[PDB]
Structure formats: C-alpha cells, structure tokens
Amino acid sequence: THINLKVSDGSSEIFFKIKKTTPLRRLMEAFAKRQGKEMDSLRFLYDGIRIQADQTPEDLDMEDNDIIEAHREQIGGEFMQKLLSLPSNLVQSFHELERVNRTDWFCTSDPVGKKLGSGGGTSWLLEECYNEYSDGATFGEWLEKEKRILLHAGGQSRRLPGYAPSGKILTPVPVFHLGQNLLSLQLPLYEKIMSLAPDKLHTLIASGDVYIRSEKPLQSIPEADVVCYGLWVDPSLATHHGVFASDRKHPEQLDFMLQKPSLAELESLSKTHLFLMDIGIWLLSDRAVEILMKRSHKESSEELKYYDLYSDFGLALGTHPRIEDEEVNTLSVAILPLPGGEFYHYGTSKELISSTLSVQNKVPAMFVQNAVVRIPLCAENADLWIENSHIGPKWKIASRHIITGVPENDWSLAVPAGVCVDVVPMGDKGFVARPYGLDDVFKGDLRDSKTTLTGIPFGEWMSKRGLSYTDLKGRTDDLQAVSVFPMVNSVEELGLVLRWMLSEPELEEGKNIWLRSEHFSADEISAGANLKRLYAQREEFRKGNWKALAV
C-alpha cells in the first residue's frame, strides 16, 4: 500500500510514489539528485519539524498528496568576512563593544577630508581590507579567496540622532534569538544569499537604511557580473527610489536604471517596461570589482574619487544604458525579485518606531529596552521608544518620544509630545544633552524658519531663551554642524539644562549651565562619543532588568 508525496522547494512541487514503510532516505536522495545538490545540503521539513532520513511515512502519520518542504542549509562552514564602513569613532572600538573577532570582521571609515560615495566607499573598504589581510598575495589573488559581505553604515544619520554615533545598525531592537540589534537581525539574509551565490561572486554590497525581509526561499542566482535584488513596484512607489527598468518581453535582463523617476516619466514607459525597486543588495564578480575600483580612482593618479555606485556605475548598466561607460557596459547583469520580499526603512526617528512595530507584528507601538521606567505607561503614550535610559517618577511624557542614553535621575522633567531626549557620554565623566524633535531633519541654515530644533524654529528656540547668534561659536549654514548641545559633568546640571532646553526656558540656572558649558554639534557628538560608557550603562540596565524579584 503506497502513498504519493509532494516535495516543494518553494517554486515547484514534485511527486514521489513510496511505500508507507520505506525510509524517506530514497526520496530525499532522489530529490537532491534532481536539484544537482546532494542530500547533506538540504533540510526536509514536514508539518514544521525537521525529519531524519531513516523515518518511514507510517511513522509520522502522513497521507496521500502531502507536501514536504525542502529548504537549503548553509548554517555552518566557511564563514564570510564582514567589511563595515562605520563612523571613525566607532571603528576604534567596534570589536570590543560587540565582542567579535577581527578575522570575521573588518571595519574602516572614509578618510578624513573628502567623501567617496557608495562606489568609492566600497573601493576604499576593499582596499583597506586587502591591506590588512593580503598576507603577501596580490589584490586579484586576495579577492578570489573568500566571500565577503560589505555594509555601508558610515553616514551622518542626520534624521536618527538617537543612534547616529553607533552607526544605526548597532541599535537594539525588541521582541514580543537572544539579545539582538539591526545588524544581527539583517545579516542572516546576506549570509544565506552569499552562500547560495556562485563561487565567482565574492563581494556582496549592502547600503541604504532599509531592513530587508522575506519568509519564502530564494531563487537560484544567475552567473552574471552584477546581480541586484529588487521588488516589483508600481510607479506610485517606484518614483521614490532607484528603479531597474526591464523590457516587457525580457523580465530578467536589465534594460536600464533610473534614480527616482517622475510619475509622468513612468507613465510614459508603463506600456513598454516593468519596474523593480532597488533594495540595496548587490553582488559583484571579480571583473566587476576591478572595473568599479578603477572607476573609483582618478585618470593619472590612482588614489581616490567620489564615485556613485548607483548613479555613476549603476546608470551605465543594461542593454540601453543612459550614461556611457566602455568597460562598465560590458558587465552582464541579473535582476532578481525577492520572493516574499518585504522592506522597512529606518533612516528616520518616526521610521525607527513604525518599522520596529511592523517587523515585530510579523513574528502596540511602545518599546522599552535596557531601561528603568518609574512612571506608568498606557495607550495614550503611543509611539514610544525608551532605551538605555532611566525615567524617574517625576517625569511627564505624552506620545511620540525617543528617549535614549538617559542616566539614573530623579528629574522633574516634562517632555512635550514629539520631543525626544538623547544623552551621550563624553569624556571620562561628562554627558552631552541632545534634546531634539521627532521630525527634525537636522539640515538647514539657522536663520530659516523651516530649520527646527525640537520641532520649533531654531531662531524662535534661541529667542525664547534670550540667546542670540552671538552665543554660537562657528558656522550657521547647517544645523547638523551647529554646536548647540552642552556637555555637563553632573546628572543634576544635566536635568537642569535639559529642562531649560525643553519646556522651562525661564529656568535661569539652566541657561547659566548652558553658557558655561562646552557646546557640541551632532557631528562632534558622533565624532567624540564615549561609546564604552554608553554600552556600560546599557549593560547595567540589562543586569538590573534580570533581577527577577525586583519591582
């Protein structure tokens, strides 16, 4: 008495006739043989549990026309090196802070001076890695050796001040795994991809501020020189991103690239092309890497040049490139839709909150991590993110807040809706107070009424406190470089000055403190932050949160 069984890899289903008392070893071996691989490289699941190979259908009570799911399995084995472009202050400390070893993890920062872009940055990352792990080989020989995952996270993070000095990707994210952050949440996708990739694509490039997800298995990975992942997009969303346009009859090859097309330009091609949103996951062959790298160097001298991977290099790809490049155009290109692909941005504060809510609600918009909260919390306090902070019982809060870094205190601090509070350790014992607003973009000349601090015009913020531009040493063209935030040496002064910078501008001692305190811009904060004290405080809050009998 026999039974028919489907096995699905994610795309197709294939039927096996087998006797109910025959071990599945034969079936799994045959399915592995069919898909070129071998049974060791596959994971067969039925009902959700991983099954052995010496088990018979009668053992696990399966019936005719049932389906078993065959996922790939590249968990252990040859591990890829991670190359990070990070803020320079975090480079010195990343390995100690996250306790990873330098064999698996290399990082650097853009050199002090001019910026290099996505392409130039990638070239500098590959170069700085080779210069430390070459072991005598040449560059082309070194690149062949390992698969490597490169992450761009070295920008200024103007719109996410709470985690700019730690590069955004080191942000703790809750759950409702062990302890985890954005990077640890995202990296398994990159690792799975890079395992499934051919052994000629040795460099994955990830950039942007978008967390990518998918609950379905990946498709096979072509053997082009450039592979790019994307999501099928209607123009209503294509217009906001980089777009791969492909011919109607050729949904695999890349026709050309677009950087944020207009709604009309897309309607002008709606009959002749399909559109994929670039999600910032690329794979390059060694030849692609060499060509990108030489395009990231000058003509005569071979050193450094701003080169944009997506607007310079990228726009030169496809069968109908828009910008000319002799060598770049010769590279083949594959555009892969991400099966079950999902994307959630985290470049801005509002996005941190809403994206973590959306991601959590897949495997209520209030999030408390590594914190002591001494006030009650109800559904009126919606859109909340408290992390590495002590919220004393005399605080008054509302909704839409990001509170990060706040040391232990009994402050009577009121926090208006939409206002956020960040504290950043500085020096051996100081604290920089960085209040701001949920929609501050931290860009703009100070004399423009659209340039805001804590959601009100900067000039107004200055005049409510009796301050003039005479009290600001330095530039005023760009709020991100304006030294407004004071460094103080006590939690008392810290609370006094924070109150003064929010709802109590009449607090005289607050203004006195600010006037006698060193002033930091956001750039100087993320350039000088004492990350070790920030992590130490976070861990002390964790340890306190593990005291089971404490209320």
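From 1 onward, residues are counted along the sequence shown.
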Unmodelled deposited residues between residue 363 and residue 364, binned: 10 or more
Which is higher on average in the deposited entry, the C-alpha temperature factors of 542-550 or of 4-12? 4-12
On average, are the C-alpha B-factors higher in 523-531 or in 21-29? 21-29
Which of 115, 400, 241, 99 ranks first by CA B-factor in the deposited coordinates: 115
Among 269, 91, 421, 185, highest Cα B-factor in the entry goes to 269
Ordered by C-alpha B-factor within the chain, which third holds residue 516? Give me lowest, middle or highest, please. middle
Relative to the other modelled residues of the same chain, rank the CA B-factor of residue 389 and answer lowest, middle or highest third. lowest
Chain thirds of CA B-factor: placement of residue 65: middle
Classify residue 409 as lowest, middle or highest third according to the C-alpha B-factor given in the PDB entry, relative to its own chain. lowest
Residue 180: CA B-factor among chain residues, third -> middle
